[PDB]
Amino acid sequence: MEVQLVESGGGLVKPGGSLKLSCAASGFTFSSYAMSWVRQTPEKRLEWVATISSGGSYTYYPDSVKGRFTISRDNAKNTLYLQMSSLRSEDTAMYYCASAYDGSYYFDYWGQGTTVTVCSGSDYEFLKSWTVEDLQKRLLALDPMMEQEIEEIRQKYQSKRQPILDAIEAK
């Protein structure tokens, strides 16, 4: 009675690389409903990725991923899968797992998604001639910058929160 869809398996990948996404279903009879993957690009555009019938005999893809992505399900394990191969930069998106009600509507319950990031097809060109010292120095230098960008995000949201907190205080 407590429906829950939990996606996992996302992360970074190189162009031409591969990833396998998993979606754990609970709180409903998973094997009685079609399942789908829907992604949201960094520009907030939603694109349907794949759909599989309740028993797995029928699968549907758009031409953008046909031949590269395979949707599958394990009704005994109540899990949906998406095998992604030959990944391209336009596949960078948040991938949502979603249940259907066959014949009525397409995307009933959504998980909170898992992020897939396809890295750039460069940067290694000027790095393959550096010394190990300079390479490890670049690795070490990166972590202060990331933590600084995270802290600056937190400051941004502190400024976003303040007028709302002020309005609550003025009641």
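Quick note: we count residues from 1 along the sequence shown, nothing fancier.
> Which is higher in the entry, the mean Cα B factor of 138-146 or that of 43-51?
Result: 138-146.
> Which of these has the highest Cα B-factor in the record: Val132, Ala34, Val38, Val65?
By C-alpha B-factor in the record, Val132 ranks first.
> Report the third (lowest, middle or highest) to which the CA temperature factor of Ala25 belongs, ranking only the modelled residues of the same chain.
CA B-factor rank for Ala25: lowest third.
> Split into thirds by Cα B-factor across the chain's modelled residues, where does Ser104 land: lowest, middle or highest?
For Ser104, whose C-alpha B-factor we compare with every modelled residue in the chain, the answer is the lowest third.
> With respect to C-alpha B-factor, does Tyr61 fall in the lowest, middle or highest third of the chain as deposited?
Lowest third - that is where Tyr61 ends up once the chain's C-alpha B-factors are sorted.
> By the recorded C-alpha temperature factor, relative to the other modelled residues in its chain, which third is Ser122 in?
Its C-alpha B-factor, which the entry lists for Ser122, ranks in the highest third among residues of this chain.
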